[PDB]
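Novice: This one's a deposited entry, sequence included:
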Amino acid sequence: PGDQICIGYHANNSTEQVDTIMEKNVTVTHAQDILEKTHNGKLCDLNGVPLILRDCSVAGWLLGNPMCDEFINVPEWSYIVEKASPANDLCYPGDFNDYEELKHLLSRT
Amino acid sequence: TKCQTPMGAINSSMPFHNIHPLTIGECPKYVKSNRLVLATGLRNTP
Amino acid sequence: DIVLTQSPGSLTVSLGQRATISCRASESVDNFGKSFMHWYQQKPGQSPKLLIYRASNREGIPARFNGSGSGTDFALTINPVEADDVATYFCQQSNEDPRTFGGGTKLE
Amino acid sequence: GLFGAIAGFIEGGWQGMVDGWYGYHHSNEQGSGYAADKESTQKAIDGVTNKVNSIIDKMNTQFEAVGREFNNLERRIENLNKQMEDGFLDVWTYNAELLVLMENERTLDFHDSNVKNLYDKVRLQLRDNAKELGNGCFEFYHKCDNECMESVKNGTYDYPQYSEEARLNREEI
Amino acid sequence: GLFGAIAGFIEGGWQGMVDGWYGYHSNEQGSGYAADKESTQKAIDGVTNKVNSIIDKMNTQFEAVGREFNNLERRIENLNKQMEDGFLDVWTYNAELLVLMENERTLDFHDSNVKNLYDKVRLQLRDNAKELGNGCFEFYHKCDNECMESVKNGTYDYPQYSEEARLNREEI
Amino acid sequence: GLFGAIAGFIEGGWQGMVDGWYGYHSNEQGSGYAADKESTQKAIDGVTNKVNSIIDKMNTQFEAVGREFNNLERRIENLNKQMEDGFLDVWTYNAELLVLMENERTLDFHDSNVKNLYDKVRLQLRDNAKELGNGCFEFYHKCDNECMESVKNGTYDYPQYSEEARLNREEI
Ligand SMILES: *[C@@H]1O[C@H](CO)[C@@H](O[C@@H]2O[C@H](CO)[C@@H](O[C@@H]3O[C@H](CO)[C@@H](O)[C@H](O)[C@@H]3O)[C@H](O)[C@H]2NC(C)=O)[C@H](O)[C@H]1NC(C)=O
């Protein structure tokens, strides 16, 4: 019978859910995802600049394993990529002293 | 890419990622979550 | 198109001196903070050779080659000039397709 | 929620109001319609936006893992290094997860509070010139044309102007 | 507290209500306590999820490991110790603070549930009852046990009692 | 703010009240400001304990130690640096965030104390006064200085003024 005014709040067709301390899966009108979960599954160039060792190890590269001729004169790199257990390491068996300390120096280069 | 990981490169503006901890370049901060979503709107009614 | 114009066209320099070849880009070739210019050497009678990438860093290239410049103009400096430096030198930009080269500069 | 408005004494939101988060539905002789309270909506937008931006800001000095290599006789510092990296990764994951959970809860209650304040803003203006229906609606004891509706919405209700015609309508009731 | 109800406008709790946290009467048929099952269960669910969430967030906590070092490894020994104490101190802070913060919110949460319950009744009764101002509403009409039950389960028929209420207000 | 009082329905603070944070009159005997000592002291205690609790929770914070390493200890040097910066960054976050979070709660805490104070008076006065809607209640009866003092210390005798109030309401 009489004029009226109502206070109320927004609602929509959103299905986005959100979590809190007291409650889980709370459907909400608007939410922001802040976690990136996808990558291109590829090794790529970094800002127009990597040295990919393929089947060579850093030792093999620096000492000059004949099976590592690809890297006789390598250009500037952004980062370096090495396989877990490269085949072409020290072709003649032996040791590389303070090798890890040498890889570290590389990583600053 | 502007951000690289041993599993692949990242093209994102998210502040967080869960791809791999060891990255190089301008990267989101790595975290072990499967999900990080902030409520911005309000509780929706069914 | 980013028109690249090298100067001078031909340069004769005394042995053991300094060759100074210039490059000038119509628009800049210079974002991400780096210059995307490259210098190439074509010794007579054979394919071109890579000297400098992104305008300043040498590719097995002797230090006699000084890559310098930023933005719209650059310069390849050969000093000291040796005997086996007779060639035509090219600058080429990668900042923006279509990849464009300089006219080229012949050194005597 | 914490303040009793959203899903509280106002049982439900309006699909119909679309130009904002909080607002009014009026109903007079000239006709009915939804309208958003621009002021309280903008305040909330600013608050939530600053909140989101503050959360992302506080995280710029977060830990960044670095590749480091060790040999077979460096297993101890290898493990120390791993524990250190996982250590910080676990801390910062907790910090991000918890911060989001905590501020989400505050955000929902923030909206609840903005609504309850909006209702109170109208109520404190209308006083005895209208009846609290108890569902977010006030039934007027006088004639409220569109311009009158607009005065309630922008906080310029002239209570005494309608005071007499309201009082008379209350008393035949 | 934050919402003015618990130890506020309702000055004191009832030893007498024992089947819940929040609840309610006094008519001709007699008086008695009763818990609001709905608001109580909501609070129980909220607090229980809260407790379970706190314990959950702590599963990826630091775990100290025994490590041994010799007389010429004093530096990394100390580094290792600082690292362990470092994380132990961080996680102790995190547990202590989380408990302090959520305790405060929990007390105010109860305060809020109560204030909402009071408002739930108030918004139903309107002018059909008088706000005594202590958590009690004095009715302007007859409220039998079934009427009491309608207020408690949110099905109060305001207009049904509207007339007998209005008449009782006006001889006053 | 969260509770609608400070910069809300009470639009502005009083430069004039100086002996406290929250407080109150205008009658025939004259007008003046006065602080509610009780609610003010409660807030002072709350904020002071809060400040002291924040400073207390930080006593087990990380403390960096000078450590030296040689050219063939670059790895543990770097590990040590990352560890130190690591904790320094964590504790800086913890201090910054704690301050930001508790600041927000503090402002809303004051808002809540005010809204409670207003409600304390409102629930006493009931229909013996009119809610102006700006933090002020216009009385339906004569309130001398002693009456003003009863409202301020929570001893308002509602029924004593009930009749003269009711009569003044009804000629209106
Ligand atoms: C919010 O709701 C979602 C959707 O229900 C929840 O995720 C779902 O969780 C259930 C377990 O309760 C998952 O079921 C699982 O599926 C695997 C598939 O291999 C199977 O082994 C079993 O059937 C197992 O129970 C379901 O897959 C999953 N759905 C999605 C889309 O992830 C989630 O748990 C809820 N969040 C909270 C906080 O409760």
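Specialist: Good, I have the coordinates. Numbering: from 1, shown residues only, chains lettered A, B, ... in the order given.
Novice: tell me, how many neighbours does residue A:27 end up with?
Specialist: 14 (other Cβ atoms under 10 Å in any protein chain shown). To be clear about C-beta, it is placed using only N, CA and C from the backbone, and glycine gets the same treatment.
Novice: residues contacting the closest residue to chain C within chain B?
Specialist: Of all residues in chain B, the one sitting closest to chain C is residue B:2 (9.8 Å; Cβ to the nearest Cβ). Taking Cβ atoms under 8 Å, 6 or more residues apart in numbering or on different chains, we find residue B:2 in contact with A:46, A:47, B:10, B:11, B:25, B:26.
Novice: Strands of chain A, start to end?
Specialist: Secondary structure of chain A by DSSP state E: the strands cover A:4-9, A:17-18, A:26-27, A:31-33, A:35-36, A:51-52, A:80-81.
Novice: ok, the residue nearest to residue A:105 when sequence neighbours are not counted to residue F:80 distance?
Specialist: Among residues not flanking residue A:105 along the chain, residue F:74 sits closest, at 7.8 Å (Cβ to Cβ, 6 or more residues apart in numbering or on different chains). Distance of residue F:74 to residue F:80, given as Cβ to Cβ, to the nearest Å: 11 Å.
Novice: Give me the more crowded residue out of these two.
Specialist: residue F:80 (22 against 14).
Novice: what bridges to residue C:53?
Specialist: Counting by DSSP bridges, residue C:53 is bridged to residue C:57.
Novice: sorry, back to before: for the ligand, which of the strands of chain A is the nearest?
Specialist: Proximity to the ligand (Cβ to the nearest ligand atom) singles out strand A:17-18 among those, at 6.0 Å.
Novice: Show me what the closest one is in contact with.
Specialist: So strand A:17-18 is contacted by A:25, A:26, A:27, A:28, A:31, B:37, B:38, B:39, D:104 (Cβ under 8 Å, 6+ apart).
Novice: Likewise for stretch A:27-35?
Specialist: Residues contacting stretch A:27-35 (Cβ under 8 Å, 6+ apart): A:10-12, A:14-18, B:14-18, B:31, B:33, B:35-44, B:46, D:52, D:56, D:100, D:108.
Novice: Can you list the buried residues in that stretch?
Specialist: A:28, A:29, A:30, A:31, A:32, A:34, A:35 (16 or more other Cβ atoms under 10 Å in any protein chain shown).
Novice: Let me see the contact set for the residue of chain A found nearest chain C.
Specialist: Residue nearest to chain C within chain A (Cβ to the nearest Cβ): residue A:73, separated by 4.3 Å. Counting by Cβ under 8 Å, 6+ apart, residue A:73 makes contact with C:59, C:60.
Novice: Stretch D:16-31 spans what distance, first to last residue?
Specialist: Start to finish, the residues bounding stretch D:16-31 are 15 Å apart (Cα to Cα, to the nearest Å).
Novice: Give me the contact list for that stretch.
Specialist: The contact list for stretch D:16-31, computed with Cβ under 8 Å, 6+ apart, reads A:3-10, B:41-42, D:14, D:32-38, D:40-41, D:44-45, D:111, D:114-115, D:118, D:122, D:143-146, D:149, D:152-153.
Novice: hmm, 6 Å instead?
Specialist: A:3-6, A:9-10, D:34-37, D:40-41, D:44, D:114-115, D:118, D:144, D:146, D:149, D:153 (Cβ atoms under 6 Å, 6 or more residues apart in numbering or on different chains).
Novice: Quick check: the most centrally placed residue in chain A vs residue A:58, distance?
Specialist: The residue lying closest to the centre of chain A (Cα atoms, centre = their mean) is residue A:39, at 8.1 Å. Using Cβ to Cβ, residue A:39 is found at 25 Å from residue A:58.
Novice: again with residue A:71
Specialist: Applying Cβ to Cβ to residue A:71 and residue A:58 gives a distance of 10 Å.
Novice: Having no further points to raise, I will conclude here.
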